[PDB]
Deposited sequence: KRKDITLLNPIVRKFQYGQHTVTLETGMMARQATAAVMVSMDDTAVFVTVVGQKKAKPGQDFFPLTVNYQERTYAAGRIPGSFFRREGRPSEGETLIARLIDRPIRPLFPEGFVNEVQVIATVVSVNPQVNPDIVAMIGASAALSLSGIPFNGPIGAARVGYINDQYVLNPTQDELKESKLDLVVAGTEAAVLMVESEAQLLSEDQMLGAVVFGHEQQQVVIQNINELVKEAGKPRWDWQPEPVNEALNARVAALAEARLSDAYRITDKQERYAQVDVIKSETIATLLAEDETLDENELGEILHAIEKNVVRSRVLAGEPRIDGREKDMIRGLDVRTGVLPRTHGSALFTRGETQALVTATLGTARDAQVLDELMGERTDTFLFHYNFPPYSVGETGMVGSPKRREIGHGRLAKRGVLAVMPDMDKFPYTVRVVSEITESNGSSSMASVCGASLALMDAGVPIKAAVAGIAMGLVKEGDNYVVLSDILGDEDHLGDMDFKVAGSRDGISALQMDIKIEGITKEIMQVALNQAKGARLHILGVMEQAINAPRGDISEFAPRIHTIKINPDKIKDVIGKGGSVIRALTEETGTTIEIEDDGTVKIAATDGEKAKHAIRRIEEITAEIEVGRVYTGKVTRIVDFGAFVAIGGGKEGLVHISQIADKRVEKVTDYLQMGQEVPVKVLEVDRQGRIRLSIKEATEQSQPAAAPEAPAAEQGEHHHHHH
């Protein structure tokens, strides 16, 4: 039994990567350690994907052991699944197009230095393990937390350094790109936020470098996977009789009339092929039509044509703000933007831990049935309001906000930030200033790129980069980003954030006008 260690300094802290001695049956496993906070990360990738499949089964697990802090207790906890998401987000888009083999990443914290948060350490481990595994993965990736103290950027600030920080942000990217950003801020500017992202992305390059060396020394041979064929002949004679007819069908304004022409196009086209050949699995055929359709829309947006509902790239849907909606609640509000709506409440009684945010996403919000996601959205919406909350001494009452997503087709989470803002004011909570959220999208093709404001549910495919921003008129309180494409520069981000600031301000304008 012989371990392979690789050590390096990651600004102020020493990071060690040990592999080859533990869990040798996993596809690859790494014990990442950073100044006494150790997370053992493992990875298993099934060798053969089910027949056809049609869906990449990627699942990350983050477990925190209480013995890791020298304590005896007396799931998974929501916080644990939040960090699992923090790891899943950046690595998920790096798996090649077509890879549908099951992959499970398990991260479990084995030792904890109360000053060094296990999260980025676990992210580092998942990147190392995945890279060493040889599973088709276009990594590695780095991970960094950026703080803001004395108006200067800080690299991986300790838990108490954060007490004097005005920013808590996490960025993860490869060598040439930022993939995901998750943050909470005390009303900073897009420019300051952008600087944290770029700073972090650069500072973490040290990590991607070491992982690379370790892969040279201990890495396994890259799988000889192979994408698995695409019937580019079938979906060639599908586009042959639908492509053009559809690009025209998308020019007719009457919404319900557009579906008709499309449905005709999809009906005629399928029947015509089932007559040429046959036994062609309509399902797959319809699956191809849906694709040239999503591309017809992608081509129209890039060309400057109206979005699917008629809006232009910067248009926000119709707002509607109502306060004091429920009789016996300390504070209620009904914020609705287009087709996504949120009923929000505030209750008081004898910061966070003093501030509680709960999110509910019933199935009827999307006109469906099902059991009665609301976990990651809740944390985002909470970060979006944190900046505005009173100093506890200014308001000695624990406050709890609850959001009911009654409608959804845009971004329930951003909508619940606005409702929370309103409800708290309706409850008499002395919040620093109203706060609002907006969900954006960025579609790109070569150099032609377009920023979208208030993305629809069915505009998700245009989100080569979809991001959320929340704050008041004076600054950004929360910023979340997820990039799945390359290119997209810091300059392009500046543009994107600016258009998002506009949308925010527009929404605040309507909000401030509601609560006179």
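Gaps between the deposited sequence and the modelled coordinates occur at 1-7, 82-88, 365-377, 400-404, 549-723, listed in sequence order.
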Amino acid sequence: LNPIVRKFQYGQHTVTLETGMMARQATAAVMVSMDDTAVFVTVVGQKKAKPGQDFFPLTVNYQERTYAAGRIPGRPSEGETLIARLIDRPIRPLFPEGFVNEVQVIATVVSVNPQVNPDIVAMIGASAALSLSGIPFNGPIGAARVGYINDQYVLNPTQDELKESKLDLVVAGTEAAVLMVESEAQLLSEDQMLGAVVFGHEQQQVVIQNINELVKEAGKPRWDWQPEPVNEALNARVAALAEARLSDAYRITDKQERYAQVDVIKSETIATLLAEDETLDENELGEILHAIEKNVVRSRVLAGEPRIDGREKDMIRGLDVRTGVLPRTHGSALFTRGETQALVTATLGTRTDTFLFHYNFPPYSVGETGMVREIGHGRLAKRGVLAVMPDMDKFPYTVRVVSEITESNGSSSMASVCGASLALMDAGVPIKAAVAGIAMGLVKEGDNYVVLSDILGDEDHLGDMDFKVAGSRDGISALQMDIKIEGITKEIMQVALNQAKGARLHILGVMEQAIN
From here on, numbers count along this sequence of modelled residues.
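Just going by the entry, 328-336 versus 281-289 on mean CA temperature factor gives the higher value to 281-289. The mean Cα B-factor in the deposited entry runs higher for 163-171 than for the other of 435-443 and 163-171.
The residue among 49, 470, 455, 58 whose C-alpha carries the highest B-factor in the deposited model is 49. Each of 106, 385, 241, 141 has a CA temperature factor in the record; the biggest one is found at 241.
When the CA B factors of the chain's modelled residues are split into thirds, the value for residue 404 lands in the lowest one. Residue 477: CA B factor lies in the lowest third for its chain, per the PDB record.
Among the modelled residues of its chain, residue 361 has a C-alpha B-factor that falls in the lowest third, as given in the PDB entry.
In this PDB entry, residue 63 carries a Cα temperature factor that places it within the middle third of its chain's modelled residues. Residue 206 sits in the highest third of its chain by CA B factor, as recorded in the PDB entry.
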